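Worksheet: the structure to be examined is printed underneath.
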Amino acid sequence: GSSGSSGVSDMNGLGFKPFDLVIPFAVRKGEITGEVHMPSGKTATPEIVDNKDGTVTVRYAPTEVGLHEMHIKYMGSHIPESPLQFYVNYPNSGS
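What follows is the structure, given as structure tokens:
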């Protein structure tokens, strides 16, 4: 008795809430790259998606808890938005 589509699996699916971000300045997909520093001691790359307007949206869904530091560089140059830090709170937190 509830709209149930085929998505989430047994192994895994929707862990921690996602993190969408949009660069303030205008960039052109190409000589740009991004990196993510996990608190556990690992690393991962963000998600560079070119919006249907002409901008980009850096999205990175956290897999573990703790503090993660993102590092994005545009054409071999650090941006005024990075580096940055985002704490991963537990799921279904808060009363």
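All residue numbers for the sequence shown refer to the working numbering, where the first residue is 41 and numbers rise by one.
Built from N, CA and C at the ideal position, the CB exists for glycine as well.
- Nearest to residue 119 by alpha-carbon distance, out of 44, 58, 74 and 55, is 74.
- For residue 61, the beta-bridge partners assigned by DSSP are 98.
- Around the beta-carbon of residue 48, fewer than 16 other beta-carbon atoms lie within 10 Å, marking it exposed.
- The shortest C-alpha to C-alpha distance from residue 115 to any of 70, 89, 102 and 84 is the one to 70.
- In the DSSP assignment, the residues bridged to residue 127 are 107.
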